[PDB]
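Structure assessment
Residue-level listing of the chains:
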Protein chains: 2
Amino acid sequence: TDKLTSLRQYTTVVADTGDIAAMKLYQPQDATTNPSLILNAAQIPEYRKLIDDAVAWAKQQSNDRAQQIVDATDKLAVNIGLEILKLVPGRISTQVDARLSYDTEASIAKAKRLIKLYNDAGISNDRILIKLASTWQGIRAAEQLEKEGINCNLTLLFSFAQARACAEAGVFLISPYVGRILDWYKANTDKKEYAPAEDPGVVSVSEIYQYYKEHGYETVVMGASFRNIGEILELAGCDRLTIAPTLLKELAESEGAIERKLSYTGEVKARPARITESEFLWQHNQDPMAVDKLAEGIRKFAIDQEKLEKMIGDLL
Amino acid sequence: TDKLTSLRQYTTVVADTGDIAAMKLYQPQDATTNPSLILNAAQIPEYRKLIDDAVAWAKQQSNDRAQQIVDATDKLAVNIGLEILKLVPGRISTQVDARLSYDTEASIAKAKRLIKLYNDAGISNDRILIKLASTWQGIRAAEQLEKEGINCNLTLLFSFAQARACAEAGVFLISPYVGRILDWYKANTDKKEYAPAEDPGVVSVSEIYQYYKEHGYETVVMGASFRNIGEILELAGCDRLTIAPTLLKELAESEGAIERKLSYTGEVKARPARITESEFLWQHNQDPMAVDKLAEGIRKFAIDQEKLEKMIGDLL
Ligand SMILES: [Cl-]
Ligand SMILES: [Cl-]
Ligand SMILES: [Cl-]
Ligand SMILES: [Cl-]
């Protein structure tokens, strides 16, 4: 047996890519995309049809250029989601424009708009996760969306404060990063070598997992962003893990059974009072890694969004 | 003539220390303190009377230990402020517990408490600045305090978003940092040498000064936190500058007249709509330096507060 097969006994495998080739190859349950993966998957010549469809559709919905750019970029992300749903039985994650990350109202609106486009294609809400950055504003947006039947993937989750706040908001799923946590520690300490169990991204997810299970929270824990297979194996037992094709390949090519690493066998414990905004802000900003990486991840995703819109604008 | 004397033609000189010796020596207009300067000034044997007075007074106001700790640490800061006001004609800046930095209500309450203690000593509000970190919550706290006749010093000002928000809130004074901005650039780029005019902290304050004057804002601009006299000289013309004794000494010992560097000679311009919380959050987090340093400065001031309270708790 190979390690990818063995992992699937303990963990729901999810493919982190916009490339349908990977869906066929690894047959994941869910898939995740983001603005940069959409931007990358756009250059694939076989996807040119999806870009043209998106641009054409946008011109049929309105006559204003600015609106056509937005409509086309949204429809493109959706169009790619639709191709992926042909090949996976579970969820597709589609990311909202990260420029809205500190705007609750705008994020709710944008989530609803992407859902409308999916619904217009005949896809139900139970096949979709809307990905938002887990700022306070994003978490509050997600809380509201869930009440309206729109399930959310709360991403760029770095601090325990973010983890706690997401759970208390009843979000469908969280995407705690692993690899970008490792990146920080390598950039800000002189320890650049870590055993898998002491990888700080692995430690973060394990602690979050424990807290979620021990309090009986339903939010799906999905580790994301990996630098190596060691990190992935150390989180075997995590509800889901979203993994890039390069690392799915490495697992598939690695022989041997693996053991479950993440479990909670105790009973559910009473929950505390909800963390307030002020408490969340204090506790998030206690974590210098999380401070840096949440803001940084948002900046980079917004740049990817802008580049996507540039590409679409040239075709109109 | 010396450079300290020459600077005073263009800029109001302020002493950044809790040490009364410096007030006598340099005869500044205002003084600034903070938890660490209070903690430092506590070890000075000649201040032991101020610590004992604070502890004694606290035991007379109440019988609860926890409240005595808070009362004593507040009274100590106030007691030091009072000794300084004997030797300066202008303002004393006293910093609120930085653990409150993301809590508007608590910060307002704390500001009012420190003002009460000063008022109880016979000091008017026009001699005092309450120093709060310029988070959104701190700015909103300051807006309200100003309306109630309590003047504020908005500190740890790093991003343009913080500057704009403070001006629009009508705060009495801002303390844009200079040296800590330089710190970040040195640590996060491979340029560790900067000409005074290209020092990123100097550039920051100069841009803020321009924006404030050009829009006729009354908020006092007071550069703070300096690594060298080059930075200070490059901001000659800034409304005020708060300077550590070490650097005041260097200026006093430096011979020669200096030129004014910071001026605005144009007419006042129309102001934009107020920045919203969401816009502020977006724009502040676009500035990786400011993201890091605002949170870091708050963490360190809170640690200094805790150490001060430890020291006070041992004496009760
Ligand atoms: Cl968002
Ligand atoms: Cl929208
Ligand atoms: Cl950001
Ligand atoms: Cl952030």
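Residues numbered from 1 in each chain as written, not as in the entry; some residues may be left out. Chains lettered and ligands numbered in written order. Heavy atoms only, no water.

Regarding how it was determined, this PDB entry cites X-ray crystallography in its header, along with a resolution of 1.802 Å.

A closer look at the overall build of chain A
For chain A, the count of helices and strands is 14 helices and eight strands. Whereas a compact globule of 316 residues would reach a radius of gyration of roughly 20 Å, chain A reaches 19 Å, a difference of no more than 12%. Projected onto the principal axes, the alpha-carbon positions of chain A cover approximately 55 × 50 × 40 Å. Considering only contacts within chain A whose residues lie at least 6 apart along the sequence, 69% involve residues at least 24 apart. (Helix = DSSP H or I, 4+ residues; strand = E, 2+ residues; numbered from the N terminus. Rg over C-alpha atoms; globule rule 2.2 N^0.38 Å. Contact = heavy atoms within 4.5 Å.)

Observations regarding the sheet that holds strand β3 (residues 92-95) of chain A
Residue and element names in this part refer to chain A. Taken in spatial order, the eight strands line up as β1-β2-β3-β4-β5-β6-β7-β8 and close into a barrel, and their pairing is parallel. Direction aside, neighbouring strands of the sheet carry axes that sit 25° apart on average. Here two bridges tie strand β6 (residues 173-176) to strand β7 (residues 220-223), and the two strands are oriented parallel to one another. Bridging from a neighbouring strand, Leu-173 pairs with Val-220 of β7. In this fold helix α8 (residues 160-168) packs onto β5 (152-157) and β6, with an angle of close to 170° to the strand it touches most, β5. Helix α14 (residues 288-315) rests against β3, β4 (128-133) and β5 of the sheet, and its axis sits at about 115° to β5. (Pairing = 2+ DSSP bridges. Axes fitted to C-alpha atoms, helices over the stretch in contact; angles between N-to-C directions.)

Points about the environment of A:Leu248
Residue and element names in this part refer to chain A. The topology assignment puts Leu-248 in helix α12 (residues 245-253). A relative accessible area of 0% means that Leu-248 is categorised as buried. It is 9.5 Å that separates the C-alpha atoms of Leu-248 and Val-14, two residues lying 234 residues apart in sequence. (Buried < 20%, exposed > 50% of the residue type's maximum accessible area, 1.4 Å probe, protein only.)

Observations regarding the packing of helix α4 (residues 48-61) of chain A against helix α5 (residues 65-85) of chain A
Residue and element names in this part refer to chain A. Two elements in contact, α4 and α5, have axes whose closest approach is 8 Å; the angle formed by their N-to-C orientations is 135°. Judged on the interaxial angle alone, α5 and α4 are oblique. As α4 runs across α5, the sense of the crossing is right-handed. Taking contact as the criterion, the partners of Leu-50, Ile-51, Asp-53, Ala-54, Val-55, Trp-57, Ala-58, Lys-59 and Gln-61 in α4 are, on α5, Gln-68, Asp-71, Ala-72, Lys-75, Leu-76, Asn-79, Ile-80 and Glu-83. When the residues that make up the contact of α4 with α5 are grouped by side-chain class, the tally is nine nonpolar, three polar and five charged. (Parallel < 35°, antiparallel > 145°, perpendicular 65-115°, else oblique. Left-handed = near helix turned anticlockwise from the far one by under 90°. Nonpolar A, V, L, I, M, F, W, Y, C, P; charged D, E, K, R; others polar.)

Comments concerning the relation of the copies chain A and chain B
Superposition of chain A onto chain B requires a rotation of 180° combined with a translation of 0.0 Å along the rotation axis, giving an RMSD of 0.1 Å. The superposition of one copy onto the other is thereby described by a two-fold rotation axis. Residue A:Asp292, judged by its C-alpha, is the member of chain A lying nearest the rotation axis, at 3.2 Å. In this assembly, 100% of the residues forming the interface of chain A have copies in chain B that are likewise at the interface, indicating an isologous arrangement. (Least-squares fit on C-alpha atoms.)

With respect to helix α9 (residues 179-188) of chain B
B:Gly179, B:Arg180, B:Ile181, B:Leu182 and B:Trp184 are the residues of α9(B) that are buried. The inward-facing, buried residues of α9(B) abut β5 (152-157), α10 (200-214), α11 (229-233) and α14 (288-315) of chain B.

Digging into the interface of chain A and chain B
Facing 18 residues of chain A, the contacting portion of chain B comprises 18 residues. Taken together, the two surfaces of chain A and chain B that pack against each other cover about 1500 Å², and 62% of this comes from carbon and sulfur. If you sort the residues of chain A by the area they bury against chain B, A:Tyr102, A:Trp282 and A:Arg299 come out on top, with a joint share of 42%. Taken together, the connections running from chain A to chain B amount to zero salt bridges. The element that contributes the greatest number of residues to the side of chain A that touches chain B is α14(A), accounting for seven residues. Class assignment of the residues belonging to the side of chain A that touches chain B gives a composition of nine nonpolar, four polar and five charged. (Buried area = accessible area lost by both parts, 1.4 Å probe. Salt bridge = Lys/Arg side-chain N within 4 Å of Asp/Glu carboxyl O.)

Points about the pairing of strand β8 (residues 240-243) of chain B
Residue and element names in this part refer to chain B. The alternating pattern of β8 places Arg-240 and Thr-242 and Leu-241 and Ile-243 on opposite faces, both of which are buried. Two strands pair when backbone bridges link them, and strand β1 (residues 12-16) and β8 are joined in this way by four bridges, in the parallel orientation. Each residue of the ladder has a partner; that of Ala-15, found in β8, is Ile-243. Inspection of the sheet shows strand β7 (residues 220-223) paired to β8 by two bridges, in the parallel sense. Along β8, the bridge assignment pairs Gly-223 with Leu-241.

What about the UniProt feature "active site" in chain A?
All names here are of chain A. UniProt's feature table lists "active site" at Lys-131, given in the numbering used throughout. Turning to its location among the elements, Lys-131 is positioned in strand β4. Its relative accessible area of 4% is what places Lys-131 among the buried residues. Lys-131 has contacts with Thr-32, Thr-33, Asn-34, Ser-93, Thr-94, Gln-95, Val-96, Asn-153 and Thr-155, leaving out every residue within four places of it along the chain. (UniProt positions renumbered as here; feature names shortened; annotations may be inferred.)

Here we look at the pairing of β1(B)
Residues and elements named next belong to chain B. The buried fraction of β1 amounts to four of the five residues, a majority that puts the element mostly inside the structure. Both β1 and strand β2 (residues 30-32) contribute to a ladder of three bridges, which runs parallel. Residue pairing in the sheet places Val-14 in a bridge with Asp-30 of β2. Taken together, β1, helix α2 (residues 20-26) and β2 form a β-α-β motif whose crossover is right-handed. (Right-handed = clockwise from strand over helix to strand, strands pointing away.)

Some thoughts on the sheet that holds β7(B)
All names here are of chain B. With parallel pairing, the eight strands of this closed barrel are ordered in space as β1-β2-β3-β4-β5-β6-β7-β8. Going from strand to strand, the sheet's axes swing by 30° on average, the running direction of each strand aside. Bridge count for β5 against strand β6 (residues 173-176) is three bridges, and the pairing is parallel. Each bridged residue has a counterpart across the sheet, and for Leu-154 the counterpart in β6 is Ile-174. Sheet contacts for helix α8 (residues 160-168): β5 and β6; angle to β5, the most-contacted strand, approximately 170°. On top of the sheet, α10 reaches β5, β6 and β7; it is set at about 155° to β6, its chief contact.

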